[PDB]
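Note sheet for the following structure.
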2 protein chains.
Amino acid sequence: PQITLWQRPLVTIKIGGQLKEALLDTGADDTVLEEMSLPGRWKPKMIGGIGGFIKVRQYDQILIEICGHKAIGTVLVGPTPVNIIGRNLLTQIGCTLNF
Amino acid sequence: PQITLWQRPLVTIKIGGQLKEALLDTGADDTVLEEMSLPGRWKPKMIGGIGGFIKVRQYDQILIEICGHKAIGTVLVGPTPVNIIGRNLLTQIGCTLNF
Ligand SMILES: COC(=O)N[C@H](C(=O)NN(Cc1ccc(Br)cc1)C(=O)CC[C@@](O)(Cc1ccccc1)C(=O)N[C@H]1c2ccccc2C[C@H]1O)C(C)(C)C
């Protein structure tokens, strides 16, 4: 589909059997979601944006569905103000910027 | 043009007669540039990102060219990690997300 930017590009995602709302974020290197449980091993990571850095848990090879499009990648979990779908997963669903 | 996201979507912008590198950021509601000089008066604005909120200076009706496309709008100036082109200007150049 084509998503305009008149409003925040929020979409429905399916992860860990749960339905959530997330932001298609081209300014984000990684994907980070609010506190939730995920399977497998994880390691700590610090990510930074405007305001500074926050500590998150890094889980790899996680299955995620964005608007019905399946993709697998690293998903970060921590105190993020909003769910963010970053470039690491946006590439997988073939998302591009156009103008 | 069409921009993929395998690498950060960095483009050249022109403001105040100078070229700068900036990130097309769909996750950003506003445009915020690293410390620089802009004309006119400014107003205070608090913007929140991953690490919390920061105080920035808000200048309005500023001429800024993005990838050759001319825009005129609000530009914030403050301690940002990188120059960020947000949705307020991405809408002016007709940018959309597609997949
Ligand atoms: C490794 O560095 C990253 O890529 N870090 C990401 C990040 O923070 N990216 N930042 C900016 C940034 C920092 C460093 C670099 Br090299 C590039 C880019 C954003 O602007 C987008 C997030 C976001 O859209 C998230 C968000 C938080 C709260 C509500 C909505 C969305 C952001 O902080 N957006 C805000 C913003 C940025 C600039 C101007 C105005 C605003 C208001 C929000 O939209 C992340 C992995 C931690 C998510």
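Numbering starts fresh at 1 for the residues of each chain in the structure tokens, the chains themselves are lettered A, B, ... in the order given, and ligands are numbered from 1 as they appear.
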
Legend entry - Neighbours of chain B in chain A at 10 Å, counting only C-alpha atoms, as number ranges by chain: A: 1-10, 23-29, 32, 47-55, 67, 69, 79-82, 84-99

Pick out each residue of chain B that DSSP on the backbone tags as helix (DSSP H, G or I); I need them as a compact mmCIF listing (two decimals) with N, CA, C and O atoms, in the first residue's frame.
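Now in part-v3.txt:
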```
# COMPACT_ATOMS: atom_id res chain seq x y z
N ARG B 87 8.30 14.64 9.21
CA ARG B 87 7.07 14.65 8.42
C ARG B 87 6.55 16.03 8.02
O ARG B 87 5.88 16.16 6.98
N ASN B 88 6.84 17.07 8.80
CA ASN B 88 6.33 18.39 8.43
C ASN B 88 6.89 18.83 7.08
O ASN B 88 6.21 19.53 6.32
N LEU B 89 8.12 18.41 6.76
CA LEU B 89 8.71 18.77 5.47
C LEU B 89 8.63 17.62 4.48
O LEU B 89 8.66 17.84 3.27
N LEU B 90 8.54 16.39 4.97
CA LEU B 90 8.42 15.28 4.03
C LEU B 90 7.08 15.41 3.30
O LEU B 90 6.97 15.06 2.13
```

Would you mind aligning chain A to chain B, a least-squares fit over all C-alpha atoms taken in order, and returning the superposed chain as a PDB file with C-alpha atoms, in the first residue's frame?
```
ATOM      1  CA  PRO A   1      13.630   9.219  -6.783  1.00  0.00           C
ATOM      2  CA  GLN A   2      13.167   5.944  -4.931  1.00  0.00           C
ATOM      3  CA  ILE A   3      15.177   5.542  -1.742  1.00  0.00           C
ATOM      4  CA  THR A   4      15.736   2.055  -0.374  1.00  0.00           C
ATOM      5  CA  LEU A   5      16.016   1.409   3.341  1.00  0.00           C
ATOM      6  CA  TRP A   6      18.962  -1.003   3.235  1.00  0.00           C
ATOM      7  CA  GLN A   7      20.915   1.957   4.633  1.00  0.00           C
ATOM      8  CA  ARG A   8      19.846   5.083   6.521  1.00  0.00           C
ATOM      9  CA  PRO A   9      17.983   7.394   4.097  1.00  0.00           C
ATOM     10  CA  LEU A  10      20.455  10.277   4.241  1.00  0.00           C
ATOM     11  CA  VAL A  11      20.131  13.049   1.663  1.00  0.00           C
ATOM     12  CA  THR A  12      21.703  16.411   0.930  1.00  0.00           C
ATOM     13  CA  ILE A  13      19.728  19.479   1.979  1.00  0.00           C
ATOM     14  CA  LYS A  14      20.290  23.202   1.411  1.00  0.00           C
ATOM     15  CA  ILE A  15      19.363  25.525   4.270  1.00  0.00           C
ATOM     16  CA  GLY A  16      20.490  29.002   5.244  1.00  0.00           C
ATOM     17  CA  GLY A  17      22.823  28.916   2.267  1.00  0.00           C
ATOM     18  CA  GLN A  18      24.564  25.872   3.716  1.00  0.00           C
ATOM     19  CA  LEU A  19      24.746  22.291   2.436  1.00  0.00           C
ATOM     20  CA  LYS A  20      24.115  19.565   5.003  1.00  0.00           C
ATOM     21  CA  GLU A  21      23.345  15.856   5.272  1.00  0.00           C
ATOM     22  CA  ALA A  22      19.981  14.946   6.781  1.00  0.00           C
ATOM     23  CA  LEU A  23      17.837  11.887   7.464  1.00  0.00           C
ATOM     24  CA  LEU A  24      14.434  11.413   5.801  1.00  0.00           C
ATOM     25  CA  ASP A  25      12.593  10.425   8.974  1.00  0.00           C
ATOM     26  CA  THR A  26       8.964   9.212   8.812  1.00  0.00           C
ATOM     27  CA  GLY A  27       9.044   8.640  12.577  1.00  0.00           C
ATOM     28  CA  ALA A  28       9.681  12.320  13.254  1.00  0.00           C
ATOM     29  CA  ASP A  29       6.831  14.802  13.676  1.00  0.00           C
ATOM     30  CA  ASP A  30       9.213  17.729  13.285  1.00  0.00           C
ATOM     31  CA  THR A  31      12.420  18.638  11.490  1.00  0.00           C
ATOM     32  CA  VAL A  32      15.396  19.204  13.768  1.00  0.00           C
ATOM     33  CA  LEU A  33      18.918  20.231  12.851  1.00  0.00           C
ATOM     34  CA  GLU A  34      22.149  20.440  14.801  1.00  0.00           C
ATOM     35  CA  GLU A  35      23.153  23.871  16.115  1.00  0.00           C
ATOM     36  CA  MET A  36      23.151  26.496  13.399  1.00  0.00           C
ATOM     37  CA  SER A  37      22.014  30.059  12.805  1.00  0.00           C
ATOM     38  CA  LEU A  38      18.633  30.885  11.272  1.00  0.00           C
ATOM     39  CA  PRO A  39      16.911  34.226  10.547  1.00  0.00           C
ATOM     40  CA  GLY A  40      13.814  35.563  12.264  1.00  0.00           C
ATOM     41  CA  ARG A  41      12.081  35.055  15.579  1.00  0.00           C
ATOM     42  CA  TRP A  42      12.157  31.776  17.480  1.00  0.00           C
ATOM     43  CA  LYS A  43      10.568  30.258  20.573  1.00  0.00           C
ATOM     44  CA  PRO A  44      11.649  27.387  22.831  1.00  0.00           C
ATOM     45  CA  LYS A  45      10.208  23.896  22.478  1.00  0.00           C
ATOM     46  CA  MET A  46      10.823  20.505  24.057  1.00  0.00           C
ATOM     47  CA  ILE A  47      10.800  17.441  21.808  1.00  0.00           C
ATOM     48  CA  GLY A  48      10.885  13.822  22.876  1.00  0.00           C
ATOM     49  CA  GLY A  49      12.046  10.557  21.408  1.00  0.00           C
ATOM     50  CA  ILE A  50      13.786   7.439  22.643  1.00  0.00           C
ATOM     51  CA  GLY A  51      16.037   8.598  25.444  1.00  0.00           C
ATOM     52  CA  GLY A  52      13.839  11.463  26.570  1.00  0.00           C
ATOM     53  CA  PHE A  53      13.393  15.131  25.696  1.00  0.00           C
ATOM     54  CA  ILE A  54      15.717  17.886  24.505  1.00  0.00           C
ATOM     55  CA  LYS A  55      15.233  21.651  24.297  1.00  0.00           C
ATOM     56  CA  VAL A  56      15.368  23.244  20.858  1.00  0.00           C
ATOM     57  CA  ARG A  57      14.741  26.606  19.208  1.00  0.00           C
ATOM     58  CA  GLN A  58      11.730  26.779  16.914  1.00  0.00           C
ATOM     59  CA  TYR A  59      11.959  28.897  13.758  1.00  0.00           C
ATOM     60  CA  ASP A  60       8.946  29.137  11.451  1.00  0.00           C
ATOM     61  CA  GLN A  61       8.566  29.820   7.710  1.00  0.00           C
ATOM     62  CA  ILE A  62      12.084  28.623   6.917  1.00  0.00           C
ATOM     63  CA  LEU A  63      13.044  27.840   3.330  1.00  0.00           C
ATOM     64  CA  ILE A  64      14.702  24.472   2.822  1.00  0.00           C
ATOM     65  CA  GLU A  65      15.716  22.483  -0.235  1.00  0.00           C
ATOM     66  CA  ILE A  66      15.664  18.678  -0.074  1.00  0.00           C
ATOM     67  CA  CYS A  67      17.289  16.915  -3.034  1.00  0.00           C
ATOM     68  CA  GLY A  68      16.485  19.938  -5.171  1.00  0.00           C
ATOM     69  CA  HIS A  69      12.870  20.108  -4.000  1.00  0.00           C
ATOM     70  CA  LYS A  70      11.908  23.378  -2.329  1.00  0.00           C
ATOM     71  CA  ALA A  71       9.761  23.453   0.789  1.00  0.00           C
ATOM     72  CA  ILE A  72       9.013  25.881   3.595  1.00  0.00           C
ATOM     73  CA  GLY A  73       8.182  25.028   7.182  1.00  0.00           C
ATOM     74  CA  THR A  74       9.129  25.064  10.837  1.00  0.00           C
ATOM     75  CA  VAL A  75      12.720  24.019  11.521  1.00  0.00           C
ATOM     76  CA  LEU A  76      13.881  23.118  15.029  1.00  0.00           C
ATOM     77  CA  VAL A  77      17.482  23.698  16.091  1.00  0.00           C
ATOM     78  CA  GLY A  78      19.186  21.965  19.010  1.00  0.00           C
ATOM     79  CA  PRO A  79      21.342  19.091  20.396  1.00  0.00           C
ATOM     80  CA  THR A  80      20.066  16.394  18.024  1.00  0.00           C
ATOM     81  CA  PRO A  81      22.559  13.571  17.280  1.00  0.00           C
ATOM     82  CA  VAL A  82      21.818  13.798  13.537  1.00  0.00           C
ATOM     83  CA  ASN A  83      20.042  16.177  11.148  1.00  0.00           C
ATOM     84  CA  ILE A  84      16.423  15.036  10.770  1.00  0.00           C
ATOM     85  CA  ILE A  85      13.926  15.948   8.058  1.00  0.00           C
ATOM     86  CA  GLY A  86      10.523  15.278   9.629  1.00  0.00           C
ATOM     87  CA  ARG A  87       7.025  14.747   8.251  1.00  0.00           C
ATOM     88  CA  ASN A  88       6.272  18.480   8.267  1.00  0.00           C
ATOM     89  CA  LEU A  89       8.683  18.891   5.363  1.00  0.00           C
ATOM     90  CA  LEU A  90       8.491  15.385   3.873  1.00  0.00           C
ATOM     91  CA  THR A  91       4.853  16.068   2.945  1.00  0.00           C
ATOM     92  CA  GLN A  92       5.882  19.200   1.073  1.00  0.00           C
ATOM     93  CA  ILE A  93       8.200  17.386  -1.320  1.00  0.00           C
ATOM     94  CA  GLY A  94       5.571  14.731  -1.893  1.00  0.00           C
ATOM     95  CA  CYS A  95       7.422  11.976  -0.065  1.00  0.00           C
ATOM     96  CA  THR A  96       5.554   8.723   0.610  1.00  0.00           C
ATOM     97  CA  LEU A  97       6.123   5.243   2.028  1.00  0.00           C
ATOM     98  CA  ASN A  98       5.578   2.440  -0.489  1.00  0.00           C
ATOM     99  CA  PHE A  99       5.500  -1.349  -0.270  1.00  0.00           C
TER     100      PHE A  99
END
```

Legend entry - Residue list (strand (DSSP E or B), DSSP) for stretch 22-84 of chain A, as JSON, numbers by chain: {"A": [22, 23, 24, 32, 33, 43, 44, 45, 46, 47, 48, 49, 52, 53, 54, 55, 56, 57, 58, 59, 60, 61, 62, 63, 64, 65, 66, 69, 70, 71, 72, 73, 74, 75, 76, 77, 84]}

Could you take the residues named above and write them with N, CA and C atoms, as a tab-separated table (two decimals), in the first residue's frame?
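What ended up in again-v9.tsv:
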```
chain	number	residue	atom	x	y	z
A	22	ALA	N	2.48	-0.19	15.64
A	22	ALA	CA	3.86	0.25	15.56
A	22	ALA	C	4.06	1.30	14.49
A	23	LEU	N	5.16	2.04	14.61
A	23	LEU	CA	5.50	3.13	13.70
A	23	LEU	C	6.52	2.72	12.65
A	24	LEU	N	6.20	2.95	11.38
A	24	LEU	CA	7.14	2.64	10.29
A	24	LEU	C	8.11	3.81	10.37
A	32	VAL	N	12.36	-1.50	17.84
A	32	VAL	CA	12.28	-1.57	19.29
A	32	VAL	C	10.82	-1.51	19.73
A	33	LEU	N	10.46	-2.44	20.60
A	33	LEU	CA	9.10	-2.53	21.11
A	33	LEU	C	9.06	-2.36	22.61
A	43	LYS	N	20.66	-10.44	24.50
A	43	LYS	CA	21.82	-9.77	25.08
A	43	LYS	C	21.48	-8.29	25.24
A	44	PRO	N	22.14	-7.60	26.17
A	44	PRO	CA	21.85	-6.19	26.37
A	44	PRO	C	22.47	-5.29	25.30
A	45	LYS	N	21.78	-4.19	25.02
A	45	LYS	CA	22.25	-3.22	24.04
A	45	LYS	C	21.78	-1.84	24.46
A	46	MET	N	22.54	-0.82	24.08
A	46	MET	CA	22.18	0.56	24.38
A	46	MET	C	21.89	1.21	23.04
A	47	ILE	N	20.75	1.89	22.93
A	47	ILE	CA	20.40	2.57	21.69
A	47	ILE	C	20.15	4.04	21.98
A	48	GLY	N	20.55	4.90	21.05
A	48	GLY	CA	20.41	6.32	21.26
A	48	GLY	C	19.63	7.07	20.20
A	49	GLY	N	18.91	8.08	20.67
A	49	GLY	CA	18.12	8.92	19.78
A	49	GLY	C	18.07	10.30	20.40
A	52	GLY	N	18.85	10.98	24.31
A	52	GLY	CA	19.89	10.13	24.89
A	52	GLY	C	19.72	8.65	24.60
A	53	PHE	N	20.34	7.82	25.44
A	53	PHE	CA	20.29	6.38	25.25
A	53	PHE	C	19.41	5.64	26.26
A	54	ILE	N	18.95	4.46	25.87
A	54	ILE	CA	18.16	3.61	26.75
A	54	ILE	C	18.68	2.18	26.59
A	55	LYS	N	18.54	1.38	27.64
A	55	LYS	CA	19.00	0.00	27.60
A	55	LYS	C	17.85	-0.90	27.19
A	56	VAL	N	18.12	-1.81	26.25
A	56	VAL	CA	17.11	-2.72	25.76
A	56	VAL	C	17.64	-4.15	25.69
A	57	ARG	N	16.74	-5.10	25.48
A	57	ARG	CA	17.14	-6.50	25.36
A	57	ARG	C	17.07	-6.84	23.88
A	58	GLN	N	18.14	-7.42	23.36
A	58	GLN	CA	18.20	-7.78	21.95
A	58	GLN	C	17.93	-9.25	21.69
A	59	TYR	N	16.87	-9.52	20.93
A	59	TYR	CA	16.48	-10.87	20.55
A	59	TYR	C	16.66	-10.99	19.04
A	60	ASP	N	17.33	-12.04	18.59
A	60	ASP	CA	17.54	-12.22	17.15
A	60	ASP	C	16.63	-13.29	16.55
A	61	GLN	N	16.55	-13.30	15.22
A	61	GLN	CA	15.73	-14.25	14.47
A	61	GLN	C	14.30	-14.34	14.97
A	62	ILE	N	13.67	-13.18	15.15
A	62	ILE	CA	12.29	-13.11	15.61
A	62	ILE	C	11.36	-12.93	14.42
A	63	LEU	N	10.27	-13.69	14.41
A	63	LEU	CA	9.29	-13.60	13.34
A	63	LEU	C	8.33	-12.46	13.65
A	64	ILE	N	8.07	-11.64	12.64
A	64	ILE	CA	7.16	-10.51	12.81
A	64	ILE	C	6.35	-10.34	11.54
A	65	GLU	N	5.11	-9.91	11.69
A	65	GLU	CA	4.25	-9.70	10.54
A	65	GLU	C	3.83	-8.23	10.56
A	66	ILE	N	4.12	-7.54	9.46
A	66	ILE	CA	3.80	-6.12	9.31
A	66	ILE	C	2.78	-5.96	8.19
A	69	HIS	N	2.65	-8.75	5.92
A	69	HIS	CA	3.92	-9.14	5.30
A	69	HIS	C	4.85	-9.74	6.34
A	70	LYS	N	5.28	-10.97	6.10
A	70	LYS	CA	6.17	-11.65	7.05
A	70	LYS	C	7.63	-11.25	6.88
A	71	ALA	N	8.32	-11.15	8.01
A	71	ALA	CA	9.72	-10.78	8.02
A	71	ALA	C	10.35	-11.30	9.30
A	72	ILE	N	11.65	-11.59	9.24
A	72	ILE	CA	12.34	-12.07	10.42
A	72	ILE	C	13.55	-11.17	10.64
A	73	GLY	N	13.86	-10.90	11.90
A	73	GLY	CA	14.99	-10.05	12.21
A	73	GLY	C	15.17	-9.83	13.69
A	74	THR	N	16.12	-8.97	14.03
A	74	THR	CA	16.41	-8.65	15.42
A	74	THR	C	15.37	-7.66	15.93
A	75	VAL	N	14.80	-7.96	17.09
A	75	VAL	CA	13.81	-7.10	17.72
A	75	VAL	C	14.32	-6.69	19.09
A	76	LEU	N	14.34	-5.39	19.35
A	76	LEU	CA	14.82	-4.87	20.63
A	76	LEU	C	13.63	-4.59	21.53
A	77	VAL	N	13.77	-4.91	22.81
A	77	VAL	CA	12.68	-4.69	23.77
A	77	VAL	C	13.15	-3.82	24.93
A	84	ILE	N	8.37	0.85	17.53
A	84	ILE	CA	9.05	1.29	16.31
A	84	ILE	C	9.52	0.15	15.41
```
